[PDB]
2 protein chains.
Amino acid sequence: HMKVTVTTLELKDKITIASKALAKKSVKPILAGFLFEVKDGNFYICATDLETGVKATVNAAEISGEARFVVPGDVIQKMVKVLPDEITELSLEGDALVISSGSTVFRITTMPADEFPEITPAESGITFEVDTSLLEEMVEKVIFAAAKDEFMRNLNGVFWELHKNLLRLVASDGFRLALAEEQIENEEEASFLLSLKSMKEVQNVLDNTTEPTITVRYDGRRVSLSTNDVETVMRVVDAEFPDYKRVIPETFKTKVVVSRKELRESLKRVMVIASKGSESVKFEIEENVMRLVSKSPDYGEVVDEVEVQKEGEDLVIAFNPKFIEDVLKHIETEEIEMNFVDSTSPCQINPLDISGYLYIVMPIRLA
Amino acid sequence: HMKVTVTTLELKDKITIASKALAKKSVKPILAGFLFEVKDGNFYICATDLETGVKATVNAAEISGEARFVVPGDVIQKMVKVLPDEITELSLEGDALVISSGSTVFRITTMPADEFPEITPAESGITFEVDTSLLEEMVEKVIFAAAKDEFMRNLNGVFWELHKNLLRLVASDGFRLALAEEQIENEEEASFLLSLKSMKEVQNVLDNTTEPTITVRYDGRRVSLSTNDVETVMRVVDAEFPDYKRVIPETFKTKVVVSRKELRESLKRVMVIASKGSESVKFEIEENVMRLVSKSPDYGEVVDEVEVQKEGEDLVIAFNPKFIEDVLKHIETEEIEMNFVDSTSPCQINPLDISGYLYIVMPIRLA
């Protein structure tokens with residue numbers, strides 16, 4: 001005996017929410033599956049890779065019996081997205097989970113749960129509530145700049161800094177950096193690094209909750225991010241995030257104000273040549289215009305000249321254009337500023353007249 | 001001296017049109033480029049891979065001088081799609097093509113044209129005009145079923161059959177077949193096979209002309225497809241297209257009428273399991289319903305039951321579901337028919353009550 005009646009939308013939502021905490025195929029195939037647990041009229045779906053764990057309480061209409069088993073993560077995810085009816089019925093027949101919805105019946109072979117661990121929340125520590133939409137926005141404005149190389153433990157993630165009524169998120173890959181800061185309600189100071197994999201689950205949670213605010217708790221070792229129905233717990237990265245403030249310049253010698261669309265389009269034009277091999281654009285900043293230049297030995301050259309408002313010194317300075325383009329994608333204002341010191345110094349990019357968001361791109365050596 | 005002034009839209013259109021006649025990087029890098037030729041106040045852009053050739057006349061505002069050179073195909077294609085101004089100016093500086101448009105200047109290294117061949121049209125033979133949109137539609141309704149394996153010379157293409165006031169196109173890959181037939185104005189009988197690569201250029205031409213009809217001429221060895229400004233010539237495939245009529249059954253024992261959306265959705269559900277390895281769906285056709293069944297040894301089973309109108313015998317029969325799904329994508333009616341003989345015989349799929357279009361899928365062995 002295990003029987004569950006649940007709306008298909010609920011099952012789909014809870015599976016989706018848990019899905020980015022699953023492990024890969026290798027290193028415990030068991031951890032590449034969801035734990036389904038039915039006990040005492042409660043139905044939980046869990047996933048973990050041992051660094052992030054998610055325990056989702058499923059709000060069902062009927063729950064009887066007792067069961068604890070694992071089902072393969074990929075198949076169950078694909079399956080729930082195509083169940084055709086408003087209601088879904090779950091049961092066991094032999095060693096199979098039987099999933100019935102309308103016209104369709106899936107029978108999915110279960111795995112043992114005896115090595116699937118208990119997922120427990122962070123202990124008492126530092127806690128705050130934040131507006132769900134605000135935190136989502138902050139995460140999305142920085143997460144792209146994190147190192148994708150998991151070996152770079154100290155950059156493969158997003159750094160959280162809390163102060164009195166203030167949260168800042170920072171991410172970097174050593175070539176560029178994104179920073180977001182917003183006023184919130186928070187009592188205590190704290191900071192921690194969460195892995196990129198943990199952060200993608202954070203984003204997944206936020207993109208799939210309708211609740212107005214969420215709770216965060218940090219105990220020195222783990223961070224819980226909780227909604228009404230979903231507990232997510234993440235072990236903090238055991239690495240020291242770089243002293244990133246040393247790459248954020250305190251003054252400028254050159255400032256350029258330029259249309260975000262205008263520069264994006266110019267970057268696209270020069271990438272026709274830059275993508276061929278140089279992976280470089282040289283900015284020649286003059287009083288009223290900036291020329292963007294890219295050269296490929298074997299294919300050709302491009303020069304594109306764009307109108308700008310510029311204060312300070314004329315400057316010739318080179319960048320990876322993809323890194324500049326990534327920033328522009330994440331800025332929402334029509335105009336941006338680019339702030340420079342020297343050909344060898346970082347550039348700060350920010351939205352015009354909007355505080356709280358800033359980007360740093362390191363330059364490349366001039367050809 | 002070579003100078004050309006042309007609208008950017010014109011240059012873009014003619015480059016795009018010629019682009020699918022280019023050869024790959026290997027085997028004459030020269031043939032992976034466009035021929036630009038300026039002579040006597042005419043500007044032509046050409047491309048060939050020695051089986052398909054395209055000669056596009058560019059309608060420019062100003063053309064002076066004389067030049068004949070090749071430019072690399074990928075870069076020029078990317079470049080023209082991002083020129084920012086209504087007008088584009090072309091000239092030579094050193095061994096470079098200089099392309100100036102608004103704010104942007106590209107300088108692209110040219111290659112020698114002395115080994116780029118003359119592209120000439122088919123000789124007198126069989127000729128007809130066809131409505132551009134009609135032929136486009138016919139091509140799109142069949143081309144997906146062609147063999148993608150170039151070694152299968154006799155199936156790697158689309159077969160054209162002309163009769164008095166009638167054109168039929170056929171494509172097959174040995175597992176499935178698509179056929180389209182429409183009334184046109186045509187005097188003589190003829191048939192020929194054009195390669196899949198040639199046919200993709202045909203489609204490219206049709207998708208990029210605004211002219212109401214196009215001309216086709218066949219001389220026994222080559223087929224020209226001509227618009228006002230663009231001559232495309234293709235060498236016919238030296239292979240015998242199979243006697244495909246032997247897989248088109250003349251009668252049915254079972255006919256099923258079913259919603260195209262309904263079956264597409266059912267196929268998607270069973271593919272959750274079929275994509276895991278079996279690549280198979282078993283249809284159990286009964287009086288009022290059809291059950292679709294897929295099984296994976298290691299992951300599970302799915303059964304989906306859909307409402308159908310069925311005449312004739314109950315039947316159990318298996319297919320590759322991707323092949324059924326491909327057909328449905330190309331049918332535009334809300335309802336389709338599936339027509340069967342035996343578990344070992346082809347299935348004919350067609351739109352309900354629409355002549356001129358039909359699909360054949362061969363079954364797979366029952367598990």
Side-chain angles (χ1 to χ4, degrees), chain A residues 29 33 71-85 93-111 261-262 264-267 269-276 289-307, chain B residues 29 33 71-85 93-111 261-262 264-267 269-276 289-307:
Chain A
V71 274
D74 192 63
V75 175
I76 290 289
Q77 276 182 86
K78 295 189 181 201
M79 171 199 77
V80 304
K81 296 178 213 203
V82 301
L83 296 174
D85 197 282
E93 168 171 342
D95 305 326
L97 177 69
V98 180
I99 306 104
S100 308
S101 183
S103 63
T104 319
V105 183
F106 283 95
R107 288 179 207 60
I108 307 297
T109 28
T110 63
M111 278 161 274
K261 180 186 191 69
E262 165 180 30
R264 181 213 314 150
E265 287 172 355
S266 186
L267 286 162
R269 296 186 292 256
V270 302
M271 284 179 292
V272 170
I273 292 301
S275 285
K276 284 281 153 207
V289 298
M290 184 169 62
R291 304 167 95 219
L292 304 217
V293 175
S294 190
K295 310 180 186 199
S296 151
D298 290 292
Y299 286 96
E301 292 122 44
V302 60
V303 177
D304 195 45
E305 181 165 289
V306 307
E307 292 174 6
Chain B
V71 274
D74 192 63
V75 175
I76 290 289
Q77 276 182 86
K78 295 189 181 201
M79 171 199 77
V80 304
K81 296 178 213 203
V82 301
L83 296 174
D85 197 282
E93 168 171 342
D95 305 326
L97 177 69
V98 180
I99 306 104
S100 308
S101 183
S103 63
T104 319
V105 183
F106 283 95
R107 288 179 207 60
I108 307 297
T109 28
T110 63
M111 278 161 274
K261 180 186 191 69
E262 165 180 30
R264 181 213 314 150
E265 287 172 355
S266 186
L267 286 162
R269 296 186 292 256
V270 302
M271 284 179 292
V272 170
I273 292 301
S275 285
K276 284 281 153 207
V289 298
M290 184 169 62
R291 304 167 95 219
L292 304 217
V293 175
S294 190
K295 310 180 186 199
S296 151
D298 290 292
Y299 286 96
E301 292 122 44
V302 60
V303 177
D304 195 45
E305 181 165 289
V306 307
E307 292 174 6

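No hydrogens, no waters, no symmetry mates; every other heavy atom, side chains included, goes into these values. All chains are named by letter (A, B, ...) in the order of the sequence lines, taking the proteins before the strands, and each is independently numbered beginning at 1.
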Qualifying residues under side-chain contact (heavy atoms from CB on, under 4.5 Å), relative to A/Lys276, sequence neighbours excluded = A/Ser296, A/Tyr299, B/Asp74, B/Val75
request  = Heavy atoms only, distances under 4.5 angstrom: which of A/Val289, A/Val306, A/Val303 has the most pairs with chain B? Name it, please.
outcome  = A/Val303
request  = Could you tell me which residues satisfy salt bridge (charged side-chain N to carboxylate O under 4.0 Å, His left out) with B/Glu305, sequence neighbours excluded, listed by chain and number?
outcome  = B/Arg291
request  = For residues B/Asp298 and A/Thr109, determine if any side-chain heavy atom of one lies less than 4.5 Å from a side-chain heavy atom of the other.
outcome  = no
ask   = Would you say the side chain of B/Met271 lies within less than 4.5 Å of the side chain of B/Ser294, judging by non-hydrogen atoms?
value = no
key: Straight-line distance of A/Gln77 CD to A/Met79 CE, nearest 0.5 Å   = 10.5 Å
task = Side-chain contact test, heavy atoms from C-beta onward, threshold under 4.5 Å: evaluate it for B/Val302 versus B/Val272 and give yes or no.
result = no
request  = List in chain and number order the residues that pass side chain to side chain donor-acceptor pair (under 3.5 Å) with B/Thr104, two or more places apart in sequence or in another chain; answer none if no residue qualifies.
outcome  = A/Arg269, A/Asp304
Neighbours of chain B found in residues 93-101 of chain A - heavy atoms under 4.5 Å = none
note = chain A shares the most heavy-atom pairs under 4.5 Å, among B/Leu83, B/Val105, B/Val71, B/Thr110, with B/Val105
